[PDB]
Amino acid sequence: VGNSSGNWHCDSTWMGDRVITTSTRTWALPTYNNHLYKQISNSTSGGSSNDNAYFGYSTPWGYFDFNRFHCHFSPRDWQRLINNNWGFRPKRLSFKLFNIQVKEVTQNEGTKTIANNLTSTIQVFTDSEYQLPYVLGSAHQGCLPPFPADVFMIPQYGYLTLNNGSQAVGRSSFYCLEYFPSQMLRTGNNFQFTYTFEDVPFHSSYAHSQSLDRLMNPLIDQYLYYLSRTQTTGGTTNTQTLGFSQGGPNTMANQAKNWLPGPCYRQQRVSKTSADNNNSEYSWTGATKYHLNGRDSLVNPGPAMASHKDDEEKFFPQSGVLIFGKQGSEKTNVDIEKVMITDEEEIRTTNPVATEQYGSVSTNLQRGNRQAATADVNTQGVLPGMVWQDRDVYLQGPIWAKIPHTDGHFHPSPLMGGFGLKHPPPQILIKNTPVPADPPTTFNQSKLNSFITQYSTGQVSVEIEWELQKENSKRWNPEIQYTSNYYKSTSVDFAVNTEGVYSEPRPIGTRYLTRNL
Amino acid sequence: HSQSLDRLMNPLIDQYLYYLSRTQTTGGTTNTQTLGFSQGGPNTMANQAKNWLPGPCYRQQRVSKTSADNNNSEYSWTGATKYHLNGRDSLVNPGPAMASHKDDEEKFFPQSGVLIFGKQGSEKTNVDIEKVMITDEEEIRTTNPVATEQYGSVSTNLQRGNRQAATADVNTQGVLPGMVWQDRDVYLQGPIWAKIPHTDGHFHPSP
Amino acid sequence: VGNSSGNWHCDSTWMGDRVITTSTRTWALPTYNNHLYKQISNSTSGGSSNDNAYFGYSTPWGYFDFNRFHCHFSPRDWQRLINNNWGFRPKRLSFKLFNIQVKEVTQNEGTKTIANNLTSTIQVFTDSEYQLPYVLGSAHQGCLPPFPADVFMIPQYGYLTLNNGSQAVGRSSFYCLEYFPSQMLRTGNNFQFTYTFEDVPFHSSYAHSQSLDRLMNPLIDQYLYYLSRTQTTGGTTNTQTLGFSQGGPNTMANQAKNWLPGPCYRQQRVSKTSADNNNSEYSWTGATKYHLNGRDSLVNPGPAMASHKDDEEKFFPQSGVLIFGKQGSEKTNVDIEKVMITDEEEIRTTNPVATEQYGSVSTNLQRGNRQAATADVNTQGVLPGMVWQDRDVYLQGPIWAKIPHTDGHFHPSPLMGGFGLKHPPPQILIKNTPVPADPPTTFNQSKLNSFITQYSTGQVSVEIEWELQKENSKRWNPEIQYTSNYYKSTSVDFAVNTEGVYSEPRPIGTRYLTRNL
Ligand SMILES: O=S(=O)(O)OC[C@H]1O[C@@](COS(=O)(=O)O)(O[C@H]2O[C@H](COS(=O)(=O)O)[C@@H](OS(=O)(=O)O)[C@H](OS(=O)(=O)O)[C@H]2OS(=O)(=O)O)[C@@H](OS(=O)(=O)O)[C@@H]1OS(=O)(=O)O
Ligand SMILES: O=S(=O)(O)OC[C@H]1O[C@@](COS(=O)(=O)O)(O[C@H]2O[C@H](COS(=O)(=O)O)[C@@H](OS(=O)(=O)O)[C@H](OS(=O)(=O)O)[C@H]2OS(=O)(=O)O)[C@@H](OS(=O)(=O)O)[C@@H]1OS(=O)(=O)O
Ligand SMILES: O=S(=O)(O)OC[C@H]1O[C@@](COS(=O)(=O)O)(O[C@H]2O[C@H](COS(=O)(=O)O)[C@@H](OS(=O)(=O)O)[C@H](OS(=O)(=O)O)[C@H]2OS(=O)(=O)O)[C@@H](OS(=O)(=O)O)[C@@H]1OS(=O)(=O)O
Ligand SMILES: [Mg+2]
Ligand SMILES: [Mg+2]
Ligand SMILES: [Mg+2]
């Protein structure tokens, strides 16, 4: 009461191989469902079939949504990191929330007054054992303000279990966090905790110099031969002969390679222009999707892929990449004018193009009587001899994810890009102390529903330590860097419009530094 | 498991991420080629964004426990799921890495997908379903798809303003990063452990 | 004020042979009778005769009602305990109440406002010497919320003494707790105390494998004989002969046994269906009851008994077992549709059936001239050679009871099932500090009646340590366990309906593990 909790510590630092940063901001915490649980299943769906089936509840508590970058780093520093280091990973993390302030609110005749009620308190905790359904990683909105000065509110919390559409199987668990320890905290009382990561391969934040098809010297040839002559073009009697050749400095396509492009999944090629697209609603039909327990659904935000080939800016995977609406986007049918679609013209070195075919294989077995068939191959699996690179980062997006604690997993690198962990940073959940309004003078068997509408605020602290690998390359020529366009514009990039409301001009990736393959 | 791949995300919220929910413009009879987009609708959670993916799969032949539900042809060795090796073509089970069936499909089960255990007192051949104890896999319908079921659907070529947008079906599949599953169960009325082939190339040598 | 009192500690743990659990919840404390005592006798009865006579008072104070299980344990854990251990008992207990908040309330023109009055305080204590009428054990309602998230109010307190109906004997004591020490506690000031149990036989939480009648081997016989031939069926002259036999593997009923079924009391057999019951109001008349000082009354919730015999689901003792209305039950005449009657088809091994006769004995003395009489025996007493098992637990019910400090007691095992103690955990009583409203400017001889309507809240902590005995049996076959039905239902069991209000689908017992008799 007569003392503050903690100063405002929010900056960045570059000690070299490490880079510590934190973000101090403020929030607000409103009551929910009037401190009451709920059962939210497809009974509240109103339309969908065994496709959008969901069976869960709504806890009166709330959680934190800071799993992004543009909310942890500033624009410039991001630039700083990107244009300088090849790879990075998170090392340490901390959390502090303090300077809490509870304010009850009376509503006498539409004339409401907001007073302060320090007598109240709050309860919050962390799920270390990961017994609660990990929610983040789903990249729900309502993240920490990608901006510092602006404050926000913490989103309520709700989860889902196994369900048979409008109903649920017995194997549908049920949870209630109020069955856990919670740092009961009153105003004046601060709160902090500590977390640490584990080893994870640094997100390869770099672009390659060569390609799989072109990693071999040109001046030489391959002492190895190949079938370059099925028939004999010795006239009109092109019989069945067997001519062979070697690594032609010109026939480098027919040459010999030792590696192979990563796995793939065929997507539907759409375009940024309108007239280039057919005239049929295939958004949910001609789309690439999978099937699960009848509950058929999309197979993205992604796959492990690259958007398109050279000079195909117009076309992009239908559901292959990410989509980020500029500041001020509604919930539906907004136009391309608002969003910032993610171009993947960067991985066209290792990963194929989803909108594109993948390969072509033998259909049966050619012979002197029956013709030689050549089948096409759009979809594929993985095999030894395949190498690729997962999705990029896009600070205007997720930062890390949650690995499903199961037995069978493979290269658990996220499909929304980022980092995966078998033991990820916990989930932070909070609620306002249930202040029972005026109780009946005489006894009653039932429970209390009456309360006092109240909420609180405070400062969110998060120290994220970081690891990095800087470019040590001898690339003689000036590689490419990322920089705000050096010309004169009306509203500076990442600047605050004359109304304080600022946005991001464009999305940003990492694969910039030309790292030799 | 308590949840599913498709439903591991909160419902109360949405995804600040958008997706292609409007190929054409239902603005009348002139449904041109437009580009409407949406976000993680608490209702459109199917079209929502997910980060993981169902384990690998292999299409099986869906049979049934009842008789009249099965066609009338001997496909036990023909319409069956099998592989090929040095001409020595053979079945591809007792199994694959899979789940038997979807919800309320007790009647149907993979033809050769799961295990079969005859109750005490079973001869060597043609015994009936009355004796054996077929293994129901209505448990992994959370991570692993259904062998008797299709797996996915992918783009066939490349739609365009003149040529229609094709959508090919995908029964068989391979593995990729972003896939997670769970091998077969135990069944104490069955094997306890196995033997890994001492070779060089092996992967998730789970039996 | 500038500090909270104690975190929210409420979970379960299984260290093995012990299991500690606690429940953190919140409550509310309203004033009562305006801080005034009362004399409640059959003067406020309005109807009843020397049958429902009561002479007591109403203290302005309140007490705690947490003597149940479903309010101390969660559903799953209960399952955990039951399906795993044969027997258990309580070992240690603690209590903490804090984060108090007093809120006065003004009422200006129907326009009331609830402010905070930290200046106030509260007074609460514990009765160790057991000088106050033990109230719990009577299983009054208003228990701790069998649920965690929901908060409640503490029930007022009132007791009763010896009375002659509408009046009371001089031997009718009088009590006033305000004549005891009370931890005067102001907000910000926490409160805690400590308690420990004493030795008590673990509630035999198990079902038997055999029966009294069938605990003997079948392959053999008994070298002992018995009277199996009164007359001689040697024709039409069935004289008086004396044939004898031994333990026939078929005549095992006539065989020899060494033990005997526990005591009994005849109940009225009713049924769950309607047409099976006669058409007469015997609810209070044809009922099993006792007599005391003219004050005739029922003889239950129970006796020491088993509900019914095999396949008699329809019939159950009229007043023999317990009754628990599902969530949302009024006070009277509700139907069977709401309650959850307790089936006792479990003790049909040791304890007879109350609705059933008990035995049959000789009436006089048969002889060659006078016929042999055989009287029936419905009611019984106890004798050496009798063994039984008291009532079950039913977590949707009481947890322990209070033994009457007297001289003559026997197998003080509760009739409402549970545990009995000669020195049970104390009773917790609280009240709000009497805040005398505006006193007259000039003097007055009389006392002050004017006050300020106010109340408070806080968190109830209760650490209950537990002892257990796990199944070590070599029962080759899979014994039976308790589990939620593995099918698909609309509303999951013990789940929160889509309105937060959750209930219990069915009652639960312990005698599950097949323990060899
Ligand atoms: O054994 S394989 O089926 O894999 O094929 C190699 C040999 O099979 C043939 C003929 O079959 S045989 O009975 O095994 O000797 O298969 C090819 O032709 C058969 C029928 O043809 S034939 O005219 O009698 O020779 C067709 O089918 S089937 O045998 O699988 O039922 C196949 O063709 S088709 O595309 O359906 O028209 C074809 O085999 S396959 O489908 O490609 O596997 C002979 O094939 S051949 O080389 O094309 O002539 C092979 O034997 S051969 O006599 O040495 O040619
Ligand atoms: O290069 S691709 O084959 O991958 O396709 C894109 C462009 O190829 C076309 C035409 O070919 S071109 O000679 O490369 O310019 O392919 C599409 O049409 C060709 C023949 O068509 S056309 O009427 O002359 O335009 C067909 O085959 S082939 O070129 O592969 O031999 C294909 O269609 S079909 O399904 O067999 O009928 C079709 O290509 S594909 O099979 O889908 O790959 C043009 O295609 S188009 O966009 O559909 O018109 C593309 O060039 S374009 O002139 O810009 O359209
Ligand atoms: O001593 S007992 O009463 O316990 O019984 C055994 C002997 O008593 C009798 C006769 O009584 S005596 O005066 O003690 O000798 O009792 C039985 O008969 C008497 C009267 O009967 S009798 O015809 O004169 O023999 C009845 O009553 S009473 O004596 O108790 O007043 C009893 O019967 S009844 O059910 O009321 O009809 C009956 O005795 S009891 O009630 O069963 O106890 C003789 O009884 S007998 O064996 O049935 O004949 C016994 O003496 S005996 O002469 O050896 O038979
Ligand atoms: Mg063939
Ligand atoms: Mg083609
Ligand atoms: Mg007599």
# chains A, B, ... in the order shown; residues from 1 in each chain; ligands from 1
>>> residues_near_ligand(ligand="ligand 4", cutoff="12 Å", atoms="only C-alpha atoms and all ligand atoms", output="PyMOL selection string")
(chain A and resi 363-365) or (chain B and resi 84+87+89)
>>> write_last_selection(atoms="N, CA and C atoms", output="compact mmCIF listing (two decimals), in the first residue's frame")
# COMPACT_ATOMS: atom_id res chain seq x y z
N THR A 363 5.18 -45.96 -64.23
CA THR A 363 3.84 -46.42 -63.95
C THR A 363 3.75 -47.95 -63.89
N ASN A 364 4.30 -48.63 -64.87
CA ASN A 364 4.30 -50.08 -64.84
C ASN A 364 5.70 -50.49 -65.25
N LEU A 365 5.80 -51.29 -66.30
CA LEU A 365 7.10 -51.75 -66.78
C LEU A 365 7.21 -51.77 -68.31
N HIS B 84 4.91 -55.91 -51.88
CA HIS B 84 5.63 -56.76 -52.81
C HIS B 84 7.10 -56.80 -52.44
N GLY B 87 9.21 -60.35 -55.79
CA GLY B 87 8.18 -61.16 -56.41
C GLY B 87 7.31 -61.85 -55.36
N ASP B 89 5.18 -61.56 -53.19
CA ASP B 89 4.13 -60.67 -52.72
C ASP B 89 3.47 -61.25 -51.47
>>> interface_residues(of="chain A", to="chain B", cutoff="6 Å", atoms="only C-alpha atoms", output="PyMOL selection string")
chain A and resi 45+51-52+135+138-141+158-159+161-162+172-173+266-269+274+276-279+281+283+286+288-293+297-298+301+323-324+331-335+381-382+407-412+415-416
>>> interface_residues(of="chain C", to="chain A", cutoff="7 Å", atoms="only C-alpha atoms", output="JSON, numbers by chain")
{"C": [1, 2, 3, 4, 6, 7, 8, 9, 10, 11, 28, 30, 31, 32, 101, 111, 141, 142, 148, 149, 150, 151, 152, 155, 156, 484, 485, 486, 487, 488, 489, 490, 492, 495, 496, 497, 498, 499, 500]}
>>> write_last_selection(atoms="N, CA and C atoms", output="tab-separated table (two decimals), in the first residue's frame")
chain	number	residue	atom	x	y	z
C	1	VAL	N	-3.26	-5.38	5.62
C	1	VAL	CA	-3.80	-4.42	4.61
C	1	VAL	C	-2.93	-4.40	3.36
C	2	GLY	N	-1.63	-4.21	3.56
C	2	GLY	CA	-0.70	-4.18	2.45
C	2	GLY	C	-0.07	-5.54	2.22
C	3	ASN	N	-0.71	-6.57	2.75
C	3	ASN	CA	-0.22	-7.94	2.62
C	3	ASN	C	-1.33	-9.00	2.64
C	4	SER	N	-1.18	-10.02	1.80
C	4	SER	CA	-2.15	-11.11	1.74
C	4	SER	C	-1.81	-12.02	2.91
C	6	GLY	N	-2.40	-15.96	3.09
C	6	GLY	CA	-1.86	-17.25	2.70
C	6	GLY	C	-2.27	-17.66	1.30
C	7	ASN	N	-1.36	-18.30	0.58
C	7	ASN	CA	-1.65	-18.73	-0.78
C	7	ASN	C	-2.84	-19.68	-0.81
C	8	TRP	N	-3.21	-20.11	-2.01
C	8	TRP	CA	-4.33	-21.03	-2.19
C	8	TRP	C	-3.76	-22.45	-2.30
C	9	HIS	N	-3.76	-23.16	-1.18
C	9	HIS	CA	-3.23	-24.52	-1.15
C	9	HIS	C	-4.36	-25.54	-1.05
C	10	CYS	N	-4.71	-26.15	-2.18
C	10	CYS	CA	-5.77	-27.14	-2.19
C	10	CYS	C	-5.58	-28.21	-3.25
C	11	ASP	N	-4.98	-29.32	-2.84
C	11	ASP	CA	-4.75	-30.43	-3.76
C	11	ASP	C	-4.74	-31.75	-3.01
C	28	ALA	N	-18.72	-16.65	3.30
C	28	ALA	CA	-19.27	-15.35	3.63
C	28	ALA	C	-19.87	-15.44	5.03
C	30	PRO	N	-22.59	-13.51	7.43
C	30	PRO	CA	-23.64	-12.52	7.68
C	30	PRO	C	-23.98	-12.42	9.17
C	31	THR	N	-24.50	-11.27	9.58
C	31	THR	CA	-24.88	-11.05	10.98
C	31	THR	C	-26.09	-11.94	11.27
C	32	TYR	N	-26.47	-12.05	12.54
C	32	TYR	CA	-27.62	-12.88	12.88
C	32	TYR	C	-28.43	-12.38	14.06
C	101	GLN	N	-12.42	-9.88	4.93
C	101	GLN	CA	-12.82	-8.61	4.36
C	101	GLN	C	-14.19	-8.21	4.87
C	111	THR	N	-31.44	2.58	-2.57
C	111	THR	CA	-30.18	2.65	-3.31
C	111	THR	C	-29.05	2.33	-2.33
C	141	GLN	N	-27.42	-29.77	6.68
C	141	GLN	CA	-26.96	-29.34	5.37
C	141	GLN	C	-26.15	-28.06	5.45
C	142	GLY	N	-25.82	-27.51	4.28
C	142	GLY	CA	-25.03	-26.29	4.24
C	142	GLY	C	-23.57	-26.63	4.47
C	148	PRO	N	-15.37	-26.90	-5.55
C	148	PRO	CA	-14.38	-25.88	-5.17
C	148	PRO	C	-14.63	-24.44	-5.58
C	149	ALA	N	-14.91	-24.20	-6.86
C	149	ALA	CA	-15.10	-22.83	-7.33
C	149	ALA	C	-16.22	-22.05	-6.66
C	150	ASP	N	-17.32	-22.72	-6.34
C	150	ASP	CA	-18.44	-22.04	-5.71
C	150	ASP	C	-18.22	-21.70	-4.24
C	151	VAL	N	-18.65	-20.51	-3.83
C	151	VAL	CA	-18.52	-20.07	-2.45
C	151	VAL	C	-19.87	-20.18	-1.76
C	152	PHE	N	-19.87	-20.07	-0.44
C	152	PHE	CA	-21.11	-20.19	0.31
C	152	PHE	C	-21.12	-19.33	1.57
C	155	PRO	N	-23.79	-21.23	8.12
C	155	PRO	CA	-25.07	-21.37	8.82
C	155	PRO	C	-25.01	-20.91	10.27
C	156	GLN	N	-26.08	-20.27	10.72
C	156	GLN	CA	-26.19	-19.78	12.09
C	156	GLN	C	-26.07	-20.98	13.02
C	484	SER	N	-16.48	-44.66	-14.36
C	484	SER	CA	-17.53	-43.94	-15.06
C	484	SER	C	-17.85	-44.81	-16.26
C	485	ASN	N	-19.13	-44.90	-16.62
C	485	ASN	CA	-19.48	-45.73	-17.75
C	485	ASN	C	-18.73	-45.22	-18.97
C	486	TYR	N	-18.00	-46.13	-19.59
C	486	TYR	CA	-17.16	-45.88	-20.76
C	486	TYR	C	-17.85	-45.53	-22.09
C	487	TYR	N	-19.16	-45.31	-22.06
C	487	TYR	CA	-19.90	-44.96	-23.28
C	487	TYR	C	-19.97	-43.44	-23.47
C	488	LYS	N	-20.79	-42.99	-24.41
C	488	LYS	CA	-20.95	-41.57	-24.68
C	488	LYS	C	-22.29	-41.04	-24.14
C	489	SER	N	-22.22	-40.03	-23.28
C	489	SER	CA	-23.42	-39.43	-22.70
C	489	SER	C	-23.45	-37.95	-23.06
C	490	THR	N	-24.61	-37.32	-22.91
C	490	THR	CA	-24.78	-35.90	-23.23
C	490	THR	C	-24.00	-35.00	-22.27
C	492	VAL	N	-21.33	-35.16	-19.21
C	492	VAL	CA	-20.40	-36.03	-18.53
C	492	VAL	C	-20.71	-36.07	-17.04
C	495	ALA	N	-19.73	-33.64	-14.15
C	495	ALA	CA	-19.31	-32.52	-14.97
C	495	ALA	C	-20.21	-31.34	-14.67
C	496	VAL	N	-19.79	-30.16	-15.10
C	496	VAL	CA	-20.57	-28.97	-14.89
C	496	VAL	C	-21.52	-28.83	-16.06
C	497	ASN	N	-22.82	-28.76	-15.78
C	497	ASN	CA	-23.78	-28.62	-16.87
C	497	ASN	C	-23.35	-27.33	-17.54
C	498	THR	N	-23.88	-27.04	-18.71
C	498	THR	CA	-23.48	-25.83	-19.41
C	498	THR	C	-23.73	-24.57	-18.59
C	499	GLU	N	-24.22	-24.72	-17.36
C	499	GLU	CA	-24.49	-23.57	-16.48
C	499	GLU	C	-23.60	-23.46	-15.24
C	500	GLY	N	-22.54	-24.26	-15.20
C	500	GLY	CA	-21.63	-24.22	-14.06
C	500	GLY	C	-22.14	-25.04	-12.89
>>> atom_distance(atom1="atom CA of residue 361 of chain A", atom2="atom CA of residue 148 of chain B")
26.2 Å
>>> closest_residue(among="C:308, C:284, C:343, C:427", to="residue 357 of chain C", atoms="only C-alpha atoms")
C:308
>>> atom_distance(atom1="atom 8 (O, counted along the ligand's line) of ligand 1", atom2="atom CA of residue 238 of chain A")
26.1 Å
>>> select_by_dssp(residues="segment 36-218 of chain C", states="helix (DSSP H, G or I)", output="PyMOL selection string")
chain C and resi 75-84+177-179
>>> select_by_dssp(residues="segment 228-398 of chain C", states="strand (DSSP E)", output="PyMOL selection string")
chain C and resi 228-231+240-246+260-261+269-271+289-290+297-298+315-317+323-325+339-341+359-362+374-377+386-387
>>> write_last_selection(atoms="N, CA, C and O atoms", output="compact mmCIF listing (two decimals), in the first residue's frame")
# COMPACT_ATOMS: atom_id res chain seq x y z
N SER C 228 -31.73 -85.10 11.58
CA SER C 228 -32.35 -84.99 10.27
C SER C 228 -33.56 -85.91 10.10
O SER C 228 -34.09 -86.05 9.00
N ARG C 229 -33.98 -86.54 11.20
CA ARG C 229 -35.12 -87.44 11.16
C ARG C 229 -35.93 -87.47 12.45
O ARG C 229 -35.62 -88.24 13.36
N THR C 230 -36.97 -86.65 12.51
CA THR C 230 -37.82 -86.62 13.69
C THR C 230 -38.65 -87.90 13.72
O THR C 230 -38.67 -88.62 14.72
N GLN C 231 -39.33 -88.16 12.61
CA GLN C 231 -40.18 -89.34 12.45
C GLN C 231 -39.48 -90.37 11.59
O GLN C 231 -38.37 -90.15 11.10
N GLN C 240 -41.96 -91.94 16.16
CA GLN C 240 -40.98 -90.99 16.65
C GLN C 240 -39.63 -91.70 16.72
O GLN C 240 -39.35 -92.43 17.66
N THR C 241 -38.80 -91.50 15.70
CA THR C 241 -37.48 -92.12 15.66
C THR C 241 -36.41 -91.05 15.76
O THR C 241 -36.71 -89.87 15.93
N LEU C 242 -35.15 -91.47 15.62
CA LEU C 242 -34.04 -90.53 15.72
C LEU C 242 -32.93 -90.78 14.70
O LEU C 242 -31.86 -91.30 15.05
N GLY C 243 -33.18 -90.42 13.45
CA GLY C 243 -32.17 -90.59 12.42
C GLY C 243 -31.23 -89.40 12.45
O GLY C 243 -31.65 -88.29 12.75
N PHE C 244 -29.96 -89.63 12.14
CA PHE C 244 -28.99 -88.55 12.14
C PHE C 244 -28.09 -88.58 10.93
O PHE C 244 -27.86 -89.63 10.34
N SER C 245 -27.57 -87.41 10.56
CA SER C 245 -26.70 -87.31 9.41
C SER C 245 -25.52 -86.38 9.67
O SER C 245 -25.41 -85.81 10.75
N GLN C 246 -24.66 -86.25 8.68
CA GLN C 246 -23.49 -85.40 8.79
C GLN C 246 -23.47 -84.30 7.73
O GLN C 246 -24.42 -84.16 6.95
N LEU C 260 -22.14 -66.44 13.55
CA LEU C 260 -23.52 -66.02 13.38
C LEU C 260 -23.68 -64.59 12.88
O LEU C 260 -22.88 -63.71 13.21
N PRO C 261 -24.73 -64.33 12.08
CA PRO C 261 -25.00 -63.01 11.52
C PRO C 261 -25.16 -61.96 12.61
O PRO C 261 -25.65 -62.25 13.70
N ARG C 269 -40.66 -53.31 4.36
CA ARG C 269 -40.21 -53.39 2.98
C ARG C 269 -41.10 -52.61 2.04
O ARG C 269 -42.28 -52.92 1.86
N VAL C 270 -40.51 -51.59 1.44
CA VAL C 270 -41.22 -50.77 0.49
C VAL C 270 -40.60 -51.11 -0.85
O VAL C 270 -39.75 -52.00 -0.93
N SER C 271 -41.03 -50.42 -1.90
CA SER C 271 -40.50 -50.68 -3.23
C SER C 271 -40.27 -49.39 -4.02
O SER C 271 -40.83 -48.35 -3.69
N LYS C 289 -40.05 -47.63 14.59
CA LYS C 289 -39.66 -46.55 15.48
C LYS C 289 -39.49 -47.02 16.92
O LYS C 289 -39.87 -48.13 17.26
N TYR C 290 -38.90 -46.16 17.74
CA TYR C 290 -38.67 -46.48 19.14
C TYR C 290 -39.45 -45.51 20.00
O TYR C 290 -40.18 -44.66 19.50
N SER C 297 -40.16 -41.65 18.42
CA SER C 297 -39.54 -41.21 17.17
C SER C 297 -39.01 -42.36 16.31
O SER C 297 -38.97 -43.51 16.75
N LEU C 298 -38.59 -42.03 15.09
CA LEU C 298 -38.05 -43.01 14.15
C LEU C 298 -36.83 -43.69 14.74
O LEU C 298 -36.31 -43.26 15.77
N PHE C 315 -37.41 -53.40 -3.88
CA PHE C 315 -37.62 -53.19 -2.46
C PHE C 315 -36.37 -52.71 -1.74
O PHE C 315 -35.25 -53.08 -2.09
N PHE C 316 -36.58 -51.87 -0.73
CA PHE C 316 -35.51 -51.35 0.11
C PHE C 316 -36.13 -51.02 1.46
O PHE C 316 -37.34 -50.82 1.56
N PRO C 317 -35.31 -50.94 2.51
CA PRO C 317 -35.88 -50.62 3.82
C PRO C 317 -36.57 -49.27 3.72
O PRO C 317 -36.10 -48.38 3.03
N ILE C 323 -30.73 -41.21 1.97
CA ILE C 323 -31.39 -40.61 0.83
C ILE C 323 -30.70 -39.29 0.48
O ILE C 323 -30.56 -38.42 1.34
N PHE C 324 -30.29 -39.15 -0.77
CA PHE C 324 -29.61 -37.94 -1.21
C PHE C 324 -30.20 -37.39 -2.49
O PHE C 324 -30.06 -37.98 -3.56
N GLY C 325 -30.85 -36.24 -2.37
CA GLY C 325 -31.45 -35.63 -3.54
C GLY C 325 -30.40 -35.07 -4.47
O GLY C 325 -29.41 -34.48 -4.04
N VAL C 339 -33.99 -37.85 -5.82
CA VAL C 339 -33.04 -38.44 -4.88
C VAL C 339 -32.23 -39.61 -5.43
O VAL C 339 -32.48 -40.11 -6.53
N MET C 340 -31.24 -40.02 -4.65
CA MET C 340 -30.38 -41.13 -4.98
C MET C 340 -30.40 -42.05 -3.78
O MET C 340 -29.61 -41.88 -2.85
N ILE C 341 -31.31 -43.01 -3.79
CA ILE C 341 -31.40 -43.94 -2.69
C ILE C 341 -30.20 -44.88 -2.68
O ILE C 341 -29.72 -45.30 -3.74
N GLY C 359 -34.98 -64.75 12.00
CA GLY C 359 -34.88 -66.16 12.30
C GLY C 359 -36.20 -66.77 12.72
O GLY C 359 -37.26 -66.15 12.60
N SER C 360 -36.12 -67.99 13.23
CA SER C 360 -37.28 -68.71 13.71
C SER C 360 -36.85 -69.59 14.87
O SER C 360 -35.90 -70.36 14.76
N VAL C 361 -37.57 -69.46 15.98
CA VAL C 361 -37.27 -70.22 17.19
C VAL C 361 -38.44 -71.05 17.70
O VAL C 361 -39.59 -70.85 17.29
N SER C 362 -38.13 -71.96 18.62
CA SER C 362 -39.12 -72.84 19.24
C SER C 362 -40.09 -71.99 20.03
O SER C 362 -39.70 -71.01 20.65
N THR C 374 -43.30 -73.50 16.22
CA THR C 374 -42.13 -72.83 15.67
C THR C 374 -42.41 -71.33 15.48
O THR C 374 -42.98 -70.92 14.47
N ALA C 375 -42.01 -70.53 16.46
CA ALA C 375 -42.23 -69.08 16.41
C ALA C 375 -41.25 -68.38 15.47
O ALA C 375 -40.13 -68.84 15.25
N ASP C 376 -41.70 -67.25 14.93
CA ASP C 376 -40.90 -66.45 14.02
C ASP C 376 -40.16 -65.36 14.80
O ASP C 376 -40.64 -64.91 15.85
N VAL C 377 -39.00 -64.94 14.31
CA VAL C 377 -38.23 -63.92 14.99
C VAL C 377 -37.78 -62.79 14.08
O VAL C 377 -36.83 -62.92 13.31
N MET C 386 -21.44 -63.45 16.96
CA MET C 386 -22.02 -62.59 15.95
C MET C 386 -20.96 -61.65 15.43
O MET C 386 -20.17 -61.09 16.19
N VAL C 387 -20.94 -61.49 14.11
CA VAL C 387 -19.98 -60.61 13.45
C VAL C 387 -20.69 -59.91 12.31
O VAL C 387 -21.51 -60.50 11.61
>>> closest_residue(among="A:472, A:326, A:55, A:273", to="residue 338 of chain A", atoms="only C-alpha atoms")
A:326
>>> residues_around(residues="residue 346 of chain A", least_positions_apart="2", cutoff="10 Å", atoms="only C-alpha atoms", output="number ranges by chain")
A: 206-208, 306-310, 343-344, 348-351, 392, 509-512
>>> atom_distance(atom1="atom CA of residue 95 of chain A", atom2="atom CA of residue 23 of chain A")
10.1 Å
>>> residues_around(residues="residue 75 of chain A", least_positions_apart="4", cutoff="10 Å", atoms="only C-alpha atoms", output="PyMOL selection string")
chain A and resi 69-71+79-80+146-147+395+493-494+504+508
>>> residues_near_ligand(ligand="ligand 3", cutoff="9 Å", atoms="only C-alpha atoms and all ligand atoms", output="count of residues only")
7
>>> residues_around(residues="residue 429 of chain A", least_positions_apart="6", cutoff="8 Å", atoms="only C-alpha atoms", output="PyMOL selection string")
chain A and resi 61-64+124-126
>>> write_last_selection(atoms="C-alpha atoms", output="CSV table (one decimal), in the first residue's frame")
chain,number,residue,atom,x,y,z
A,61,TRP,CA,-10.2,-17.8,-15.1
A,62,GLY,CA,-7.9,-16.2,-17.6
A,63,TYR,CA,-4.4,-16.9,-19.1
A,64,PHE,CA,-1.5,-15.1,-20.9
A,124,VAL,CA,-2.7,-17.1,-10.0
A,125,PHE,CA,-0.3,-20.0,-10.6
A,126,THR,CA,1.6,-21.9,-13.3
